[PDB]
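Cβ sites come from the backbone with ideal geometry, for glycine too, and all protein chains shown count toward neighbours. Rule-based calculations on the coordinates, nothing more; no lab input.
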2 protein chains.
Amino acid sequence: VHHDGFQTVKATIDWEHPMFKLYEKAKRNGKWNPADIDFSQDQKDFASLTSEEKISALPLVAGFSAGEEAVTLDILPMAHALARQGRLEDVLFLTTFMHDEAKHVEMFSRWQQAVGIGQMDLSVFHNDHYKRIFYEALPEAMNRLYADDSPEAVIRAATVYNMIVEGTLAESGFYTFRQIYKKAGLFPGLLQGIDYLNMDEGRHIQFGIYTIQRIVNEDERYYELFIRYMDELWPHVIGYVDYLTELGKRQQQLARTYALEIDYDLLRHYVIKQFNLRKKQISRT
Amino acid sequence: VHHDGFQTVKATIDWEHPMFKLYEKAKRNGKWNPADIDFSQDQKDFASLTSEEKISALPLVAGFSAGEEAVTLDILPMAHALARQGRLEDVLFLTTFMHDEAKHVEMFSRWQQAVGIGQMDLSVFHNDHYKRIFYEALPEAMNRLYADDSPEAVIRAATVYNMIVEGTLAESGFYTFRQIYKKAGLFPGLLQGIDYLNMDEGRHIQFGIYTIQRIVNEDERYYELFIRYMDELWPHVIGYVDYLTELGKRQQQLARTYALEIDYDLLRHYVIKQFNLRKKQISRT
Ligand SMILES: CCCCCCCCCCCCCCCC(=O)O
Ligand SMILES: CCCCCCCCCCCCCCCC(=O)O
Ligand SMILES: [Fe+3]
Ligand SMILES: [Fe+3]
Ligand SMILES: [Mn+2]
Ligand SMILES: [Mn+2]
Ligand SMILES: [Mn+3]
Ligand SMILES: [Mn+3]
C-alpha cells in the first residue's frame, strides 16, 4: 500500500524523540562483534569437564539460543506495525534492536560451535512451559500486529516480548550466568558475551517501557491490561524456572568440583523480583 | 504462528552460507555513524550560494531522502518472508541491511537540518515517474510478500528494490553527486556520507543478486521474469532521469559559478549502463 509522503522530505527526523535518542545510544554502545570474542579458553574449560559437569551448563544455553533466535524473527511485526503508523524514530531504533538480536544469536551459536556441541540437539531442555512462551505465545502476540495494531495488541506484544522474555527471563539468565560461572572462573568468552548482551538488553527493555507507557498515557485503563498480561504468563515463567532448578539440583557435580553454593532459592527470588519491578516501571497515571 | 524449532538449538548457524559471510562483512565495514560527520562547512557552502544556485542541489537530495526512507520501511516484508522460510543467515544479514538504511535516512536528514532546509518541503521535486517507483511500485512489490512469497513474488521484489532502486538509481545518484559537487569542492560532509552510503549499497545489491540468482538456479524460466520486471520499470527510471536533467538544464548558475561542464548526456549514459549491467549480473543458467 502506497506511501503518501516521507517525513524526511516534508521535514526532518524528530531529533528530540526519545526513540531517536535511544537509537543514537545504540549506535554508540553497539559496536561489539561476536566474531572478535576469544572462545579458546572456553573450549578447554568445557573439554576439562566430566560429562556430568558438561551437562550442567547446557539447559541455560539451550534456553538462550532458542530465545535469541525467536526474538530475532519475532520483532519484525513490531517494526512493521510502528512503520505503518508513521513512527519513523521508533523504526530507526528498532533496526538497532533487530541487529543486536542477530549478534546475540551469533554469539551463543559460536560458543556452541567452539566448545564442541554444535551437533548436539539442545531442544531436549525445552519443557512445556518454555515452549508455551517461546514456541507459541511470543510469535502469536507479535504476528497479531500484522492484522491488529490496536493499543491492546501493541501493549500485549511489548509485554510478552520486552517485559517478560527480555525484562524478566533474559535479565535473570544473565544474573544466573554470573552467579555460577563467573564465580567458578569458567567460560570467559561466554561471560564476555553475556556482558555485551546485558548492555544491549537494557535498551530493548527501555523501548518496551516507552511503548507501553505511551499507550497507558492515553487511557489509564490499559494499565490493567498490562498487569493482566504479565500475570497470564507468570505460571510459565516460574514453571520454566522450576524445571531448570530441578535439573540443577539433580546434577550437582559442577557445583561440588568448583565449590559453588549455587543458591537456587536466591535465583528464584531474583526472578520474582525482576517480574515485580518490571510491573513498577509502568506508571498507571 | 508457532515456531517448530530453532536452528541454533538443533544445530548451528551455517557458517559457510554466503549471506552469513555478507553479514560478517557488513559488521566489519558498517561502523560509520552519521552523527560524526562534520557538516559545518556544508552549512557555509550552502549559505554562500545564491538562491538560484541553492535550488540546483535540492532535487537530487529530495530524491535520496524519500528513497532512503521508503527502503527503510519497505525492506521489512522481505525480512519477514525469508524468516518464515527459515533462511536464518539471510535474516541475520538483513538486520545489517535495515540498519544501514536507517543511517542513510539519518545522514540526508542531518544535512538538510544543518544547511537550513529542514523546514522546506522537498516533495515538489518528485514527479509522476518518481512517485510511480517510490510511492507505489516499491511498496506494492514488497508488501505482496506478506501474502505471496512465491519465487515470482520474491524475484519481483528483489528486482524493484535491489536492482532498480539501489542498483540503477542509487548507484547513478552517487555518481552524479561526485561528478558535480566533488568537482566543485562543495559539500564535503555530504560527500563523505555519499562515500559511506556507496560502500553499504554494494552489500545490498549483492543480496539482491544472490536472491534472484538462487531462484533462477531452480528454474531458468525465472530469468525471463527478471528481465521483464527490469524493463517494466525502465520508463519510469528514465522519465525521472529526464525530469532531473531538464531541471539541471534550466537552472545552470551553480555550474557557471563553479565552472562545471556538467555532462547530462554522460549522466544519462551512466544510468543506461547501470541498468544494462545489473541485467548481466544475473546468469540465465
Ligand atoms: C535456574 C534459574 C532460572 C533463571 C532464568 C533463566 C532463563 C534463561 C533465559 C532464556 C531466554 C532468553 C531470552 C532472550 C531475549 C532477548 O535476547 O531480547
Ligand atoms: C541527473 C542525473 C540522474 C541520476 C539519477 C539520480 C537518482 C537519485 C536517487 C534517488 C533514489 C535513491 C534510492 C536509495 C536506495 C537505498 O538507499 O538502498
Ligand atoms: Fe533483547
Ligand atoms: Fe540500499
Ligand atoms: Mn508444569
Ligand atoms: Mn513522462
Ligand atoms: Mn537478545
Ligand atoms: Mn540506502
*For B:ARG284, go 7 angstrom from Cα along the Cα-to-Cβ vector, then report the distances to that same point in the other copies in nm, smallest first.*
7.1
_In nm, spacing of pseudo-spin labels at B:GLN251 and A:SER51 (7 Å Cα→C-beta vector)_ = 7.7
*With r defined as the distance between the Cβ atoms of B:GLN85 and A:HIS3 and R0 fixed at 35 Å, what FRET efficiency is calculated, to the nearest 0.05?*
0.85
*Say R0 is 51 Å: what FRET efficiency, to the nearest 0.05, do B:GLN119 and A:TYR264 get from their beta-carbon distance?*
0.30
*Estimated vicinal HN-Hα couplings, Hz - region B:101-113 in sequence order (Karplus 6.51, -1.76, 1.60; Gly, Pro = x)*: 5, 4, 4, 5, 4, 4, 4, 4, 6, 5, 5, 4, 4
*Name the nearest-to-axis residue of chain B, judged by Cβ distance to the rotation axis taking chain B onto chain A, and quote that distance in whole Å.*
B:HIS99, 2
*For chain A, what does -39500 (n - 2.57) per DSSP helix run (n ≥ 4), summed and divided by total residues, give at 222 nm, in deg cm²/dmol to the nearest 500?*
-21500 deg cm²/dmol
*Karplus 3J(HN,Hα) series, Hz, for region A:226-235 with 6.51 cos²θ - 1.76 cosθ + 1.60 (x for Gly, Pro)*: 3, 4, 4, 6, 4, 5, 4, 8, 3, x
*Cα centroid of region A:257-273 to Cα centroid of region B:48-80, whole Å*: 54
*Could you go through region B:157-165 in sequence order and give the Karplus-derived ³J(HN,Hα) for each residue, using 6.51 cos²θ - 1.76 cosθ + 1.60 with θ = phi - 60°, rounded to whole Hz, and x for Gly and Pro?*
4, 4, 5, 5, 6, 8, 8, 8, 4
_On the Cα set of region B:1-142, report Rg and Dmax in Å, please._
19.5, 64
*May I have the extent of the alpha carbons of chain B along their three principal axes, as whole Å values ordered from largest to smallest?*
63, 39, 29
*Which links in B:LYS54/B:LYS273; B:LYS103/B:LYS280; A:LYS54/B:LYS10; A:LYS103/B:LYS31; A:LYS25/B:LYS103 stretch past 21 Å when you go from one Cα to the other?*
B:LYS54/B:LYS273; B:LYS103/B:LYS280
*From the label point of B:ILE272, set 7 Å along Cα to the beta carbon, how far off in nm is each other copy's matching point, shortest first?*
7.7
*asked:* What does the copy distance list look like for B:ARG250, label position 7 Å along Cα→Cβ, in nm and ordered from shortest?
replied: 7.9
*Using only atoms on other chains, find how many Cβ atoms lie within 10 Å of each Cβ of peptide B:70-76 and report the average.*
5
*Computed FRET value (nearest 0.05) for B:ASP14 with B:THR285, which takes r as the C-beta separation and R₀ as 30 Å*: 0.75
*Across 10 Å bins from the origin, how do the percents of Cα pairs in the protein assembly as shown run, short distances first?*
3, 17, 26, 24, 16, 9, 4, 1, 0
*Could you name the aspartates and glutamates in cross-link range of A:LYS249, using Cα to Cα under 12 Å and dropping any fewer than eight places away on the same chain?*
A:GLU261, A:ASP263, A:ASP265
